[PDB]
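This report refers to the structure that appears directly beneath it.
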Amino acid sequence: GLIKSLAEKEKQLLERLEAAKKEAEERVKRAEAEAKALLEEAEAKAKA
Amino acid sequence: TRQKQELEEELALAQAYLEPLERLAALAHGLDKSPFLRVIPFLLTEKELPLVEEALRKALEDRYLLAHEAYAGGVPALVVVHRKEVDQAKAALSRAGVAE
């Protein structure tokens with residue numbers, strides 16, 4: 001039992017959260033962009 | 001005279017409680033501003049230290065951290081516990097008669 005266990009474990013718990021929030025937003029991001037580009041293909045196709 | 005009273009009260013408290021807060025701060029350095037871990041400061045005398053440890057250990061299993069560091073006489077002790085294990089931790093101090 002040293003304070004180092006929980007100390008240097010806490011500063012990893014924070015990295016695990018950060019990647020969580022990142023790759024949540026970087027996933028939805030893809031889908032929103034992919035929704036736009038799909039409906040452009042549906043306009044491009046539809047008028048032609 | 002008002003300045004003087006504030007200056008004198010501040011000294012009186014600071015003269016008393018600098019050495020414990022130094023000790024306590026040191027023990028869990030950089031982990032008192034974290035949400036992941038909860039800290040609770042409290043004072044124990046040599047006499048009380050074994051009782052407090054037993055009480056906490058049964059209450060809080062072996063996933064609690066009891067640390068102490070001296071100061072010349074008793075020990076200011078810090079128990080460090082997980083967040084949401086706060087009530088349980090407190091309850092254990094309260095049964096011994098020790099408080100925050």
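Going through the structure tokens in order, the chains are called A, B, and so on, while each chain numbers its residues from 1 and the ligands are numbered from 1 in the order shown.
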
Mind running chain B against chain A at 10 Å and telling me each contacting residue's nearest atom pair with the distance in Å (one decimal), counting only C-alpha atoms, chain and number ascending, as JSON lines?
```
{"residue": "B:27", "atom": "CA", "partner": "A:3", "partner_atom": "CA", "distance": 7.3}
{"residue": "B:28", "atom": "CA", "partner": "A:3", "partner_atom": "CA", "distance": 6.5}
{"residue": "B:29", "atom": "CA", "partner": "A:3", "partner_atom": "CA", "distance": 8.3}
{"residue": "B:30", "atom": "CA", "partner": "A:7", "partner_atom": "CA", "distance": 7.6}
{"residue": "B:31", "atom": "CA", "partner": "A:7", "partner_atom": "CA", "distance": 6.5}
{"residue": "B:34", "atom": "CA", "partner": "A:10", "partner_atom": "CA", "distance": 7.9}
{"residue": "B:35", "atom": "CA", "partner": "A:10", "partner_atom": "CA", "distance": 9.3}
{"residue": "B:36", "atom": "CA", "partner": "A:10", "partner_atom": "CA", "distance": 6.8}
{"residue": "B:37", "atom": "CA", "partner": "A:10", "partner_atom": "CA", "distance": 7.9}
{"residue": "B:65", "atom": "CA", "partner": "A:1", "partner_atom": "CA", "distance": 7.6}
{"residue": "B:66", "atom": "CA", "partner": "A:1", "partner_atom": "CA", "distance": 9.1}
{"residue": "B:67", "atom": "CA", "partner": "A:3", "partner_atom": "CA", "distance": 8.8}
{"residue": "B:80", "atom": "CA", "partner": "A:3", "partner_atom": "CA", "distance": 9.6}
```

With N, CA, C and O atoms retained, export the selected residues as a compact mmCIF listing (two decimals), in the first residue's frame.
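In the end it all went to again-v2.txt:
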```
# COMPACT_ATOMS: atom_id res chain seq x y z
N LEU B 27 -0.04 13.13 2.27
CA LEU B 27 -0.37 11.72 2.22
C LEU B 27 -1.12 11.41 0.95
O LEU B 27 -1.00 10.31 0.39
N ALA B 28 -2.05 12.28 0.53
CA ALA B 28 -2.86 11.94 -0.64
C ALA B 28 -2.61 13.06 -1.69
O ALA B 28 -3.56 13.71 -2.09
N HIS B 29 -1.33 13.34 -1.99
CA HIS B 29 -0.95 14.49 -2.76
C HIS B 29 -1.44 14.37 -4.21
O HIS B 29 -1.03 13.49 -4.88
N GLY B 30 -2.38 15.24 -4.57
CA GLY B 30 -2.89 15.27 -5.94
C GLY B 30 -3.96 14.20 -6.05
O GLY B 30 -3.84 13.47 -7.03
N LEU B 31 -4.87 14.08 -5.07
CA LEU B 31 -5.81 13.05 -5.22
C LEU B 31 -7.07 13.40 -4.44
O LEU B 31 -7.95 12.63 -4.17
N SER B 34 -9.62 14.84 -7.13
CA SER B 34 -10.03 13.89 -8.14
C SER B 34 -11.43 13.49 -7.81
O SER B 34 -11.74 13.50 -6.64
N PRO B 35 -12.33 13.12 -8.76
CA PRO B 35 -13.73 12.66 -8.45
C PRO B 35 -13.76 11.16 -8.27
O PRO B 35 -14.73 10.72 -7.70
N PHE B 36 -12.67 10.53 -8.83
CA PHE B 36 -12.63 9.10 -8.80
C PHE B 36 -12.46 8.64 -7.35
O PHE B 36 -13.22 7.80 -6.84
N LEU B 37 -11.56 9.32 -6.57
CA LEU B 37 -11.25 8.96 -5.20
C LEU B 37 -11.84 10.00 -4.32
O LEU B 37 -12.07 11.15 -4.70
N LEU B 65 -8.07 2.51 1.92
CA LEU B 65 -6.70 2.80 2.16
C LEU B 65 -6.64 3.66 3.37
O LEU B 65 -7.22 4.70 3.30
N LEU B 66 -5.98 3.27 4.50
CA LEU B 66 -5.82 3.97 5.72
C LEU B 66 -4.37 4.23 5.78
O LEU B 66 -3.55 3.34 5.94
N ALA B 67 -4.08 5.54 5.74
CA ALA B 67 -2.77 6.05 5.91
C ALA B 67 -2.68 7.09 6.91
O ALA B 67 -3.56 7.92 7.05
N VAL B 80 -9.06 6.91 2.61
CA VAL B 80 -9.28 7.23 1.20
C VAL B 80 -10.18 6.10 0.79
O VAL B 80 -10.03 4.93 1.14
```

From a DSSP calculation on the backbone, collect every residue of stretch 40-99 of chain B in strand (DSSP E or B) and output the set as number ranges by chain.
B: 40-44, 65-68, 75-82

May I have the residues within 9 Å of residue B:60 as a PyMOL selection string, using only C-alpha atoms and disregarding those fewer than 6 positions away in the same chain?
chain B and resi 81+85+88-89+92

Test item: residues at most 9 Å from residue B:71, only C-alpha atoms, excluding those fewer than 2 positions along its chain, as a list in words
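So the residues in contact are residues 19, 20, 23, 69, 73, 74, 75 and 76 of chain B.
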
Generate the output file for the selected residues, N, CA, C and O atoms, as an mmCIF file, in the first residue's frame.
```cif
data_model
loop_
_atom_site.group_PDB
_atom_site.id
_atom_site.type_symbol
_atom_site.label_atom_id
_atom_site.label_comp_id
_atom_site.auth_asym_id
_atom_site.auth_seq_id
_atom_site.Cartn_x
_atom_site.Cartn_y
_atom_site.Cartn_z
ATOM 1 N N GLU B 19 0.233 22.092 10.846
ATOM 2 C CA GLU B 19 0.916 20.865 10.873
ATOM 3 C C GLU B 19 0.097 19.652 10.569
ATOM 4 O O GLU B 19 0.474 18.936 9.654
ATOM 5 N N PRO B 20 -1.133 19.469 11.121
ATOM 6 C CA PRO B 20 -1.971 18.472 10.584
ATOM 7 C C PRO B 20 -2.371 18.542 9.148
ATOM 8 O O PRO B 20 -2.399 17.490 8.525
ATOM 9 N N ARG B 23 0.520 17.472 6.785
ATOM 10 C CA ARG B 23 0.659 16.008 6.890
ATOM 11 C C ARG B 23 -0.350 15.276 6.038
ATOM 12 O O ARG B 23 -0.100 14.426 5.242
ATOM 13 N N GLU B 69 0.428 9.811 9.113
ATOM 14 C CA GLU B 69 1.748 10.348 9.133
ATOM 15 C C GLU B 69 1.727 11.250 10.379
ATOM 16 O O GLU B 69 0.720 11.904 10.621
ATOM 17 N N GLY B 73 3.136 13.747 18.672
ATOM 18 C CA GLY B 73 2.022 13.465 19.497
ATOM 19 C C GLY B 73 1.109 12.436 18.783
ATOM 20 O O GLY B 73 1.429 11.225 18.673
ATOM 21 N N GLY B 74 -0.122 12.847 18.347
ATOM 22 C CA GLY B 74 -1.003 11.842 17.733
ATOM 23 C C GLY B 74 -0.642 11.719 16.228
ATOM 24 O O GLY B 74 0.502 12.014 15.822
ATOM 25 N N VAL B 75 -1.625 11.227 15.417
ATOM 26 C CA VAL B 75 -1.431 11.073 14.007
ATOM 27 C C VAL B 75 -2.668 11.713 13.450
ATOM 28 O O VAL B 75 -3.814 11.316 13.721
ATOM 29 N N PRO B 76 -2.519 12.559 12.381
ATOM 30 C CA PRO B 76 -3.654 12.938 11.543
ATOM 31 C C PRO B 76 -3.765 11.780 10.546
ATOM 32 O O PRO B 76 -2.671 11.377 10.149
#
```
